[PDB]
2 protein chains.
Amino acid sequence: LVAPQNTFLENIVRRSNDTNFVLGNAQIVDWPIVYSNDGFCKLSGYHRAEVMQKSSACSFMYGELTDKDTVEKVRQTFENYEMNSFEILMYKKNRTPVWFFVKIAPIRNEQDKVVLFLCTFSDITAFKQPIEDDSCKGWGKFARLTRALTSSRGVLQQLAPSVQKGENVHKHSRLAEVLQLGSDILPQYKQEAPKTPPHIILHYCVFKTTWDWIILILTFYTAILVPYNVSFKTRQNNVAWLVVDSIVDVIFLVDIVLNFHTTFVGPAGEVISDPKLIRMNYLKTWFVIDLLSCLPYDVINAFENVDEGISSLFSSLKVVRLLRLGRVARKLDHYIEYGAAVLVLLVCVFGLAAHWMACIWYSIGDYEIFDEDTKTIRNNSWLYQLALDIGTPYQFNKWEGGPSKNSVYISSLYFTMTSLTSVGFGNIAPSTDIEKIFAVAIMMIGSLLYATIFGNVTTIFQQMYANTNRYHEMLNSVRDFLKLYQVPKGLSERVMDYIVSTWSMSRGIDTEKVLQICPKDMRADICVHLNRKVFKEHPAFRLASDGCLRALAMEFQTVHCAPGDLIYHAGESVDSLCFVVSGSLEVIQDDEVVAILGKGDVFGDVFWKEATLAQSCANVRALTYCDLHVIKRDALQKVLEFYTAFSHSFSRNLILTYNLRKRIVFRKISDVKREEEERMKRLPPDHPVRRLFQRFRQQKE
Amino acid sequence: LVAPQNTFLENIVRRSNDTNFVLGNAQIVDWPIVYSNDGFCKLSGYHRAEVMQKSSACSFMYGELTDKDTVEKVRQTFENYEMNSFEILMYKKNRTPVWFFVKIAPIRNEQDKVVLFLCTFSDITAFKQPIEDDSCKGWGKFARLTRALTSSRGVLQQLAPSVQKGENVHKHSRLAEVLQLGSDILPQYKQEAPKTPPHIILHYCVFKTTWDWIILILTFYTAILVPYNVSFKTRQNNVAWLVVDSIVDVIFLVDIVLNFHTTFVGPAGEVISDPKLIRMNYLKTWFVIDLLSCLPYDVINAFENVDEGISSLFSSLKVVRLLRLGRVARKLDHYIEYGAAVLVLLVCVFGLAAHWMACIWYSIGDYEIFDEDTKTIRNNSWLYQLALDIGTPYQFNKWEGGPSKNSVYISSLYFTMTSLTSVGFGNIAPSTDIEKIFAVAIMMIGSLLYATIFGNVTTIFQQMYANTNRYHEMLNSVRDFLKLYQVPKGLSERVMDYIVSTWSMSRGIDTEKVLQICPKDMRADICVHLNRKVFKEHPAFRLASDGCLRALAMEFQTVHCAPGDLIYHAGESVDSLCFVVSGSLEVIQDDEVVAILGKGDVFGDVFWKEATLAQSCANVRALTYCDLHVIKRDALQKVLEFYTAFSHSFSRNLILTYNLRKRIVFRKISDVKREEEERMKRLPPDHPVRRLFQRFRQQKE
């Protein structure tokens, strides 16, 4: 976990080595000071807050003895961007003059430009011509001046009292640290990556990734071949296996050496790349184990024809080559997390265990069958029962070969395989004490490993089907509720269809939760992108600043309306401007069509001007699958009143397509025709309606 | 579950035994009264509220007959801290004089000091010289005085009327209870631990813990050896087993005895340590069972050579030694909770059941094989089939020994093992009716136990992988959302990287939930520790009291910002002071660097002075992995206005590094150079811009 980060301050403070620095801007008139340091504030007496936003020429610290020639030099060097180091008397808060040495070194940028200046400071007050302005005593002023040069008097020039005429080297010693700032100028105020130290290969590189698989394949091959070779009485009539063994040893030794020069993930951190402790970590962790596993003890003895005693006993222990599984033990944490890879690992270890146990079974049978000097055939042993069953039984003149190795290995593997899988055909079965003990052990191991496999498979299935079961349960609950509360089909069908359709599109994701997971800036940018369709299109938003745009994108809400669904029923309070972005809607007023809205149109009421709620005067109905972007009145009013400059143009530029509060008046053709027909066929006691007419006239007046 | 608690009040009220006491302070002038009692208030007529904060010399209760000599005695004893008991006439609310006896006994402290006084009270009005001030009648006053001495007239001195001249012992009887207060003075007002009663060993001690494992090992050994010994016709040719059996019996009897003197966890409480019922609990729970299991019935009969009839029948029942599993039945609740220990327990019980069933199988075979007086060999039995298969078949001259016990036991164990593991090689198989019935039983038991093992393994795997599956599901949901809503890669990469990185560091812990779980004081202290980095460092907080410090630590929030993430975009409302504690940030104004912030710097606006919101005038961008401590404006204003004294120094001491509301003005070198170049190359109808200039001048005026 590493990101491209600007390492300006860290590198500069590490490389300063008990010095002081002030950063200045390079592209502004008079070069305002952009940063100061604790050492600078301590030496000058000026606080960082009161020294910020000051000219980098340090004119704020000038006085009587400052030289116009020095002013010219600093100005010309600043305007020329050249490395230089001056010494000029400077003035602190109390105006008391003290000698001073300076050095200026601007730093470039990755885009081939100069952005930041850097002026360093040094004190030579105790090692220059003594100058005083107003002090109680000359020696007192000298002591005061000397008390400020602790950095110079320290280990930087601690050998000065022990020697004489050291001024010829004190300046060089002081400037040596300052000249190192070019090393910290290498990032050049840019997103410099964490470059690795030389002769170290990152462990997430392509080469390392493709090497790990080869090392795993080779360790698998050696784990398979070692017990077979050690137990099945195989001969060395085939030389090429020795050559392949030698190449295997070479590859493993090369990997062992390469494990020194490779970064590793630190348990107490994230990434460690320090060669002074990487090698120590590897050596203390696994180097001894891998080296002892990676040496062919018998190879040298066989090549040199050593004595058949202690040397042969040492050589015969090549079973120790099996512990090469340290590589797999290391690697298994890379892919142990996957649900579906643990099953493959378990199947592979099942097969490997089957091979090992079959090899042990042959070893037991071969140790058992003969009776050594007793010359008894021991017809009890399975290795004789199989020789009788399969054909070519034993005979003597020396004893015959009986079964061949090719069939013997397959038979042993079949027996171990049936024992592990717990099928148990039993045509080959243990018969003596040692075989029976081994049988008890093998049944126990097989039962446990089978339990592990079954557990893993059940976990995979359950974690696969949990989500579908949850969805089905929710649907069943909704159906049961709707059946219980006697809701008719005309609404039940719509509810079930809406639930099914919304699940089909939204899948198992919650937009609110996804938004809340991310931080604030990510939330802002995601919302701005989601409402880009309205923002870029509608002309009323073309004069929006970043802050108001984000504050509006936070509140804008997207609503999907299916055809047939009403949005604003007649008489409902209207409190939300809504921009149509897709599909089309219509407005119905007194069971008639009075306007039709399409893409890029907004309908509602002018909230910031009306400042009151009104009843909706017409119904709005969906026609096609539309997308709406509604915004509540309160949030819009708050944002608009916060951004007065934005409002002064928003009010002028936003014109509503249809205003819901206002309603139109009109007459019907059928109504006027009926009125004319009635008039074609055309009160003294009408006191109540006379009073009604008088009241209506008074109200209209 | 016991904690170090001060048992002052509980012990003193238990030991008072129907008396009264008033606690007084020992390190304050005039010794204000720190606590009173119901008995004291009832007898004196003064309420606790109106008697608190009064001199411990009881001068508030003095009157005419109080003696200056008694005042001198009480003062000198109080200043000398000495045990003493006086009697002096005291005055109640109605001023009526009544005789009184007092005793003062200060109590020390664990730090070798005196902190609390203790003055006891007693009434001797009815047993002293009668004194009256103003009463209706002498006998009436006598009755009134006698009516107040019920505590003395009770069982404390109930034998006084039955005897004469009892005043010589009444004082001793009254003082005996008061003198016991030294026992309650033992805690000395300190965190006294709940010391155990003598001759009782706590059951969570090291000795008990290390003894439990030994008793479990020995019960396992006896459970393994008992059925083998009882069934396999083993002989006593090896004496040492009898000695080991004797030592086993001694150890178990010692454990049985030791179970009397050991505290046990009470089901209806937490810890019970009362010896008068601990022994009863053990006896009613398991003592009879353990004692009957822990006696070698046959040992005494064998040693004494008892008759081979009823005594031998009694002795032959040593199978009853098997019920020693009561210890494991008790103990299994200690380690039943662990998920990974139930598997080991199940494997052990599997092995033990296998051994038991193999022993039963041998018993059945040996009972079956021979036909008793019929002399029939019964070639059907497995114990003859095995003797034919393995070699050395039976022969007669008496009948031959056939197979040896060493092979017979292994064969029986192998048969039971295959039956239980459900492998079923079948080279040894039941052949008669009894064997077939036992086979049906053994298959059923094996199937059920195998089911239990598989269930346990599946539960372990699922509970191991649930968390990883949940994390993967959440990541997949976020990826699916981002794919659905067409967000570009430039934002998708950042979102996915943020989620992965935040999970990597935070693991599966929610800071808000962890905070909410704990109580209020723990929450406050945890928050104070979490913000210690700012609190101890920033000088503006060096004058903070406990209440304001906690009220600020409750609202301070920690924010981790990755490099490249913006915090305050230009034009956004600024409402939060934020202290930088690690890394470094920069402020960008008009695409330029104007200030740089490091460790121990704060940027925002002076809320308590401005009392209004302002638009941010510059962008702030992260450079390195930084930690921010932001605080909202409302909470800070509320706390500051609550703590006026704290505010009067906070405003003076807090100086902002960069003020976002304030914005600096400047010119660019390129801009001024271009302006000069344009000027080097250098209106009557300009009425609109003349009007613009006039309006600008009017606005500036």
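What counts and how
Residues numbered from 1 in each chain as written, not as in the entry; some residues may be left out. Chains lettered and ligands numbered in written order. Part of a larger assembly, values for the part shown. Heavy atoms only, no water. Residues with missing side-chain atoms left out of burial classes, pairs and counts. Helix = DSSP H or I, 4+ residues; strand = E, 2+ residues; numbered from the N terminus. Rg over C-alpha atoms; globule rule 2.2 N^0.38 Å. UniProt positions renumbered as here; feature names shortened; annotations may be inferred. Expected span 1.5 Å × (residues − 1). Bend = angle between axes of the 7 residues up to and from the residue. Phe/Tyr/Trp six-rings, centres within 6.5 Å; stacked < 30°, edge-to-face > 60°. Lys NZ or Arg CZ within 6 Å of the ring centre and 35° of its normal. Pairing = 2+ DSSP bridges. Least-squares fit on C-alpha atoms. Contact = heavy atoms within 4.5 Å. Axes fitted to C-alpha atoms, helices over the stretch in contact; angles between N-to-C directions. Nonpolar A, V, L, I, M, F, W, Y, C, P; charged D, E, K, R; others polar. Parallel < 35°, antiparallel > 145°, perpendicular 65-115°, else oblique. Left-handed = near helix turned anticlockwise from the far one by under 90°. Salt bridge = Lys/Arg side-chain N within 4 Å of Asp/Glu carboxyl O.

Chemist: I'd like a rundown of the overall build of chain A, residues and numbers included.
Modeler: Along the backbone of chain A there are 28 helices and 17 strands. Against the compact-globule benchmark of 27 Å for 701 residues, chain A has a radius of gyration of 46 Å, which places it well outside the compact range.

Chemist: Quick one: what's the story with the UniProt feature "domain: PAC" in chain A, residue by residue and with numbers?
Modeler: Per the UniProt record, the feature "domain: PAC" sits at residues 84–136 of chain A. Annotated as 0% helix and 36% strand, the span residues 84–136 of chain A places its first and last C-alpha atoms 37 Å apart.

Chemist: Talk me through helix α11 (residues 275–293) of chain B; I want residue IDs and the actual numbers.
Modeler: The end-to-end C-alpha distance of α11 of chain B, which contains 19 residues, comes to 25 Å, matching closely the 27 Å that a straight helix rising 1.5 Å per residue would cover. Along its length, α11 of chain B reaches its greatest deviation from straightness, about 60 degrees, at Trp 286 of chain B.

Chemist: Give a detailed account of the packing of aromatic side chains, specifying residues and quantitative values.
Modeler: Here the aromatic rings of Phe 8 of chain A and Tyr 189 of chain A are separated by 6.2 Å at their centres, their planes lie at 45 degrees, and the arrangement is tilted. Placement of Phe 8 of chain A in helix α1 (residues 8–16) and of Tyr 189 of chain A in the loop between α8 (181–184) and α9 (206–231) is noted, with a sequence separation of 181 residues between them. Relative to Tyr 35 of chain B, the ring of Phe 21 of chain B lies with its centre 5.8 Å away and its plane at 75 degrees, an arrangement referred to as edge-to-face. Separated by 14 residues along the polypeptide, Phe 21 of chain B in strand β1 (residues 21–25) and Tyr 35 of chain B in strand β2 (residues 33–35) bring together distant segments of the chain. An aromatic cluster is defined as three or more aromatic residues linked by ring pairs; in this entry it consists of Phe 535, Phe 541, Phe 556, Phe 579, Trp 608, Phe 646 and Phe 650 of chain A. Its guanidinium or amino end placed over the ring of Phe 252 of chain A, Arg 324 of chain A lies 4.7 Å from that ring's centre, counting from NZ or CZ. One residue, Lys 331 of chain B, lies across the ring of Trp 213 of chain B, its end atom 5.7 Å from the ring centre.

Chemist: Explain the pairing of strand β10 (residues 576–582) of chain B to me, using residue names and the numbers behind them.
Modeler: Residues and elements named next belong to chain B. Pairing geometry for β10 and strand β16 (residues 626–632), over six bridges, is antiparallel. Residue pairing for β16: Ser 576 is matched across the bridge by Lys 632. Here three bridges tie β10 to strand β13 (residues 601–604), and the two strands are oriented antiparallel to one another. Bridging from a neighbouring strand, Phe 579 pairs with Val 602 of β13.

Chemist: Give me the pairing of β16 of chain B: which residues, what numbers.
Modeler: Regular strands show a simple pattern: their side chains alternate between the two faces of the sheet. When strand β8 (residues 557–561) of chain B meets β16 of chain B, the two strands line up antiparallel, connected through five bridges. Within the sheet, the bridge partner assigned to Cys 561 of chain B lies in β16 of chain B and is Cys 626 of chain B.

Chemist: Could you give an account of the relation of the copies chain A and chain B, naming the residues involved and the relevant values?
Modeler: The two copies are related by a screw operation: chain A maps onto chain B through 90 degrees of rotation and 0.0 Å of translation along the axis, at an RMSD of 0.0 Å. In symmetry terms, the pair is related by a four-fold rotation axis. Each copy contacts the other with its own distinct surface, as only 10% of the interface residues of chain A are interface residues in chain B too.

Chemist: How would you sum up the sheet that holds strand β12 (residues 593–597) of chain B? Please name residues and give values.
Modeler: Residues and elements named next belong to chain B. Pairing is antiparallel across the open sheet formed by three strands, whose spatial order is β12-β11-β15. Only two strands of the sheet have a single partner each, and these edge strands are β12 and β15 (619–622). Each strand of the sheet is rotated relative to its neighbour by a mean of 25 degrees, with strand direction disregarded.

Chemist: Break down the interface of chain A and chain B for me, citing the residues and quoting the values.
Modeler: Counting from both sides, the interface comprises 77 residues of chain A and, opposite them, 74 residues of chain B. Elements represented by at least two residues in the side of chain A that touches chain B include exactly β1 (21–25), β2 (33–35), α3 (48–51), α17 (405–421), α18 (433–484), α20 (511–517), α21 (520–530) and α23 (546–555) of chain A. Top contributing element to the side of chain A that touches chain B by residue count: α18 of chain A, with 18 residues. Class assignment of the residues belonging to the side of chain A that touches chain B gives a composition of 42 nonpolar, 25 polar and 10 charged.

Chemist: Which residues make up the UniProt feature "transmembrane region" in chain A, and what values do they have?
Modeler: Residue and element names in this part refer to chain A. Using the residue numbers shown here, the UniProt feature "transmembrane region" corresponds to residues 212–232, 240–260, 282–300, 310–332, 342–363 and 437–457. Spanning residues 212–232, this segment combines 95% helix with 0% strand, and its end C-alpha atoms are found 31 Å apart. Helix and strand shares over residues 310–332 are 57% and 0% respectively, and the end C-alpha atoms of the span are 38 Å apart.

Chemist: So what's going on with the packing of helix α9 (residues 206–231) of chain B against helix α10 (residues 240–258) of chain B? Which residues, and what values?
Modeler: All names here are of chain B. Axis separation between α9 and α10 bottoms out at 11 Å; the angle between their running directions is 140 degrees. Put simply, α9 runs oblique to α10. In this structure, α9 crosses over α10, and the sense of that crossing is left-handed. Contact with α9, carried on its side by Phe 207, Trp 211, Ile 215, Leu 218, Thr 219 and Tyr 221, involves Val 244, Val 248, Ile 251, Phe 252, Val 254, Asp 255 and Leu 258 of α10 and no other residues of that element. Across the contact of α9 with α10, the residue classes break down as 11 nonpolar, one polar and one charged.

Chemist: Please provide a residue-by-residue account of the sheet that holds strand β15 (residues 619–622) of chain A, values included.
Modeler: Residue and element names in this part refer to chain A. Strand order in this open sheet of three strands is β12-β11-β15, and the pairing throughout is antiparallel. Both edges of this open sheet fall to β12 (593–597) and β15, since each of them pairs with a single strand only. In this sheet, adjacent strand axes meet at a mean angle of 25 degrees when their direction is disregarded. One ladder, built from four bridges, connects strand β11 (residues 585–588) with β15; its direction is antiparallel. Residue pairing in the sheet places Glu 586 in a bridge with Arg 621 of β15.

Chemist: How would you explain the pattern of salt bridges if you had to name every residue and give the values?
Modeler: Two residues, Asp 290 of chain A and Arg 327 of chain A, come together in a salt bridge whose shortest N-O distance is 3.4 Å. Remark: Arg 327 of chain A occurs in helix α14 (residues 326–335) and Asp 290 of chain A occurs in helix α11 (residues 275–293); sequence separation between them is 37 residues. For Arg 330 of chain B, the salt bridge goes to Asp 290 of chain B, with nearest N and O atoms at 3.6 Å. Placement of the pair is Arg 330 of chain B in helix α14 (residues 326–335) and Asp 290 of chain B in helix α11, with a sequence separation of 40 residues. Salt bridges sharing partners connect three or more residues here, namely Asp 245, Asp 249, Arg 321 and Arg 324 of chain A.

Chemist: So what's going on with the environment of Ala 553 of chain B? Which residues, and what values?
Modeler: Residues and elements named next belong to chain B. Turning to its location among the elements, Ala 553 is positioned in helix α23 (residues 546–553). Sequence separation of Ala 553 and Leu 530 is 23 residues, and the distance between their C-alpha atoms is 8.2 Å. When sequence neighbours within four positions are dropped, the list of residues in contact with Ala 553 reads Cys 527, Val 528, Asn 531 and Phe 535.

Chemist: Explain the environment of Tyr 394 of chain A to me, and be specific about the residues and the numbers.
Modeler: All names here are of chain A. Mapped onto the elements of the fold, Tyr 394 is located in the loop between α16 (382–390) and α17. As for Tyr 394 and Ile 377, which are separated by 17 residues in sequence, their C-alpha atoms are 9.2 Å apart. Those residues in contact with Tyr 394 that lie beyond four places of it in its chain are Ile 369, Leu 383, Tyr 384, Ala 387, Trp 399, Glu 400, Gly 401, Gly 402 and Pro 403.

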